[PDB]
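A.B. asks: Opening with a subset of the complex:
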Amino acid sequence: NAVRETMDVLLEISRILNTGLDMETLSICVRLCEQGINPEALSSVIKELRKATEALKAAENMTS
Amino acid sequence: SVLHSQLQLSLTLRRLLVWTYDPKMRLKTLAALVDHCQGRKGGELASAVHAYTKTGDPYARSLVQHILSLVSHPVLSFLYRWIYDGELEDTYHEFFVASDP
Amino acid sequence: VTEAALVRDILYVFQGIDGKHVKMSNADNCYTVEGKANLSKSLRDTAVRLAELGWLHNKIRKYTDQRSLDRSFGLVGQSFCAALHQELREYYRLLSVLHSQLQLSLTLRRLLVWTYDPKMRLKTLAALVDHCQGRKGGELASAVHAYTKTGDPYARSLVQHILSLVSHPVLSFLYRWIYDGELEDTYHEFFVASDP
């Protein structure tokens, strides 16, 4: 419950930051950070993957 | 209001019916349950809600489920009241778990 | 009669100066739209609704002038008139903000909308004055303290600040009595009066 509450507070902060980050992404990021993943690497990969997902979504919308 | 804007200066009687097709369904969905919830109150009104709790047409179903979860608050709240206070002050004895004065 | 012309006339009346198509009727002690200002009866009604600020403000200007016209009002009556003057500065600032947006505009709707609070504040101040007219010294302090019991927290807080300020003269006299036993009362203002 402590991890869940911490994740909820972090998600609230991120929503205040207007990041549009998911709770599942938050949990995955918590696991990566405890695993020793660079916050900069995680955020850069997140931005690149968000851009790729947006491009794929646009392409599939034109691909319907 | 959108219709009155379209009346300003367009559409067609055909385009109007085309822009009024799905509203007919979204309205009939509730029109059907209106006569099916006549006089239903307490558990009667609850069962009238379950008379649409399983209907198809996921648009109508979405409307029904949304409205039902909205109305569930009066009853879910009565439940939480009987949880915390162990109280249902139904002046009309409307509580499903009623008391005897 | 142009609506903006009447608007300018009202912008003058809000400062208590009757407008061009409206005349401050002594039969009403308030701005009365000249019937020659032929417009919508709705327009004249709106002018009449706005003119209440003019009537109350004219009454206030007269009263605060009467209170400053006599030096027998004492420091207390002077403080009453000066607080009225500070509130008048606030009201004039409100009218100045009104001329501010009067440039470039708004409408009678926005005017009356922003004057609804001004009307309420004027009504509160006028009720305080009409409930404190002809009171002196302790009679004036009690007149204020009698209106110091009503609700309406905006007017109530304005009156509370006014009373905290007005006690300053009374408080100073009391502190003189406490520390010096000093009653310099020209007209025996102090509750502990003296027998010379």
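C.D. replies: Perfect, I can see it now. Residues are numbered from 1 along each chain as shown, chains lettered A, B, ... in the order given.
A.B. asks: Tell me where the chain has helices.
C.D. replies: Chain wasn't specified; assuming chain A. Along chain A, counting by DSSP state H, helices occupy A:2-16, A:23-35, A:39-62.
A.B. asks: Switch to chain B, please.
C.D. replies: Taking DSSP H as the criterion, chain B contains helices spanning B:2-7, B:13-18, B:21-36, B:43-50, B:58-84.
A.B. asks: Minimum distance to residue C:138: which of the ones you listed has it?
C.D. replies: With Cβ to Cβ as the measure, helix B:58-84 is the member of the helices of chain B nearest residue C:138 (55.6 Å). Where C-beta positions appear, they are placed from N, C-alpha and C, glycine not excepted.
A.B. asks: List the buried residues for that closest one?
C.D. replies: Of the residues in helix B:58-84, those buried by neighbour count under the rule 16 or more other Cβ atoms under 10 Å in any protein chain shown are B:60, B:63, B:64, B:75, B:78.
A.B. asks: hang on, the earlier thing: right, and the helices of chain A - which one's nearest residue B:52?
C.D. replies: If you check each of the helices of chain A against residue B:52 by Cβ to Cβ, helix A:23-35 wins as the nearest, at 32.2 Å.
A.B. asks: could you dump the buried residues of helix B:58-84 to CSV with distance to residue A:27?
C.D. replies: CSV is the format used below for the buried residues of helix B:58-84 (distance: Cβ to Cβ, whole Å):
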residue, distance to residue A:27
B:60, 36
B:63, 34
B:64, 34
B:75, 34
B:78, 36
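A.B. asks: Would you point out the most distant pair within those?
C.D. replies: Using Cβ to Cβ, the buried residues of helix B:58-84 reach their maximum pairwise distance at B:60 and B:78, which is 27.1 Å.
A.B. asks: How much space separates residue A:46 from residue A:24?
C.D. replies: 13 Å (Cβ to Cβ, to the nearest Å).
A.B. asks: Residue 54: how many residues sit nearby?
C.D. replies: Using chain A here. A total of 10 residues lie near residue A:54 under the criterion other Cβ atoms under 10 Å in any protein chain shown.
A.B. asks: meant chain B actually
C.D. replies: By the measure other Cβ under 10 Å, the count of residues near residue B:54 is 8.
A.B. asks: Append chain D to the structure above:
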Amino acid sequence: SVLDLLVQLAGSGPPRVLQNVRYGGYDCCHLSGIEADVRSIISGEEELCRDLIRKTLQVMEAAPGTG
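C.D. replies: That brings us to chain D, laid onto the chains above:
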């Protein structure tokens, strides 16, 4: 590190554009204008939504209809 990553993602959600008493002199036309602007923004949003739905329908009005 999660905080830094979220900070890097901060702003990647859509920016948010629309979401004891007075001393007598504390009455302000700032609040009045704020409320007026909010009401005007509400009306503008309603009109914009109406116009956008109208544009979507008008663009569809000249199309074939089978896709």
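A.B. asks: Over in chain A, which residue gets nearest chain B? Let me know.
C.D. replies: residue A:64 (19.7 Å; Cβ to the nearest Cβ).
A.B. asks: and that residue, what does it touch?
C.D. replies: Taking Cβ atoms under 8 Å, 6 or more residues apart in numbering or on different chains as the definition of contact, residue A:64 has no neighbours.
A.B. asks: Please report the distance of it from residue C:82.
C.D. replies: In terms of Cβ to Cβ, residue A:64 sits 76 Å off from residue C:82.
A.B. asks: Report the spatially closest residue to residue B:1, excluding sequence-adjacent ones.
C.D. replies: Of all residues not flanking residue B:1 in the chain, residue D:50 sits nearest, at 6.7 Å (Cβ to Cβ, 6 or more residues apart in numbering or on different chains).
A.B. asks: Would you confirm that the one you found contacts residue B:4?
C.D. replies: No: between residue D:50 and residue B:4 no contact is recorded; they are 9.6 Å apart, counting by Cβ atoms under 8 Å.
A.B. asks: more crowded one of these two?
C.D. replies: When neighbours are counted by other Cβ under 10 Å, residue D:50 and residue B:4 differ, and residue D:50 comes out ahead with 15 against 8.
A.B. asks: Can you tell me the element that one falls in?
C.D. replies: Element membership for residue D:50 (DSSP states H and E) is helix D:29-61.
A.B. asks: how big is the angle separating that helix from helix C:108-130?
C.D. replies: Direction vectors for helix D:29-61 and helix C:108-130, defined by axes from the mean of the first three to the mean of the last three Cα atoms, to 10 degrees, enclose an angle of 160 degrees.
A.B. asks: Can you list the buried residues in helix D:29-61?
C.D. replies: Taking 16+ other Cβ under 10 Å as the basis for neighbour counts, the residues of helix D:29-61 that come out buried are D:29, D:32, D:54, D:57.
A.B. asks: what residues are up against the residue nearest to the spatial centre of chain D?
C.D. replies: For chain D, the residue lying nearest the average C-alpha position, counting by Cα atoms, centre = their mean, turns out to be residue D:18 (3.5 Å). Contact partners of residue D:18, counting by Cβ under 8 Å, 6+ apart, are D:41, D:45.
A.B. asks: following sequence is chain E, place it on the structure:
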Amino acid sequence: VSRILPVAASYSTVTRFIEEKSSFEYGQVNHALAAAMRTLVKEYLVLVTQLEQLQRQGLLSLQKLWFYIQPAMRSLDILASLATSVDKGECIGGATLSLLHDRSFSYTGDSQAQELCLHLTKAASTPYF
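C.D. replies: Let me add chain E to what's already shown:
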């Protein structure tokens, strides 16, 4: 127009209610009660003023009025009925608070009124509490 008129009396009487109960013989707490209603009647005026903005844009459609009048006529009506009863019963002291809590539970079911009366009762409690 007759269908939209309903808030007409709700405002005429609302202005009367905000006037009459302001008297100290109507109570200083009931004067606060009328001042509280003043906040919303002011919002009803402000919404009528912003409606003026759309009329000054020459872009008024009767449906858009009713499409907007519908949301606010209920907001006027609930407080109009609560004030009508507050003076029809001449409620004052803790009896008026009793009536307020009653009307709160009676307007339970309309959150558009329940939350407003939640603020109304909150404001009224100040003098009472």
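A.B. asks: The buried residues of helix D:29-61 again please, this time with chain E.
C.D. replies: Using 16+ other Cβ under 10 Å as the test for burial, helix D:29-61 gives D:29, D:32, D:35, D:36, D:39, D:43, D:50, D:54, D:57.
A.B. asks: count of residues packed around residue 31?
C.D. replies: Here I'm looking at chain A. Around residue A:31 sit 10 other residues, with neighbours defined as other Cβ under 10 Å.
A.B. asks: Oops, wrong one, chain E.
C.D. replies: The criterion is other Cβ under 10 Å. On that basis, residue E:31 has 23 neighbouring residues.
A.B. asks: Over to residue E:49?
C.D. replies: Neighbours of residue E:49 using other Cβ under 10 Å come to 23.
A.B. asks: Looks like residue D:20 contacts residue C:157 (just checking).
C.D. replies: Yes: between residue D:20 and residue C:157 a contact is recorded at 6.6 Å, counting by Cβ under 8 Å.
A.B. asks: give me every residue that touches residue 20.
C.D. replies: Reading this off chain A. Contact analysis of residue A:20 by Cβ under 8 Å, 6+ apart lists D:9, D:12, D:13, D:14.
A.B. asks: To clarify, I was referring to chain D.
C.D. replies: Under the criterion of Cβ under 8 Å, 6+ apart, the neighbours of residue D:20 are C:153, C:157.
A.B. asks: Surely it forms part of a strand?
C.D. replies: No: the assignment for residue D:20, made by DSSP: H, G, I helix; E, B strand; the rest coil, is coil rather than a strand.
A.B. asks: Figure out the helix or strand that residue E:51 lives in.
C.D. replies: Using DSSP H and E, residue E:51 sits in helix E:28-56.
A.B. asks: what helices or strands is that helix leaning on?
C.D. replies: Contacting helix E:28-56 under the criterion 3 or more Cβ pairs under 8 Å, 6 or more residues apart in numbering or on different chains; DSSP states H and E are the following elements: helix C:108-130, helix C:153-179, helix D:29-61, helix E:6-20, helix E:62-88, helix E:94-106, helix E:111-128.
A.B. asks: mind redoing it with 7 Å?
C.D. replies: The criterion is 3 or more Cβ pairs under 7 Å, 6 or more residues apart in numbering or on different chains; DSSP states H and E, and the helices and strands that helix E:28-56 contacts are helix C:108-130, helix D:29-61, helix E:6-20, helix E:62-88, helix E:111-128.
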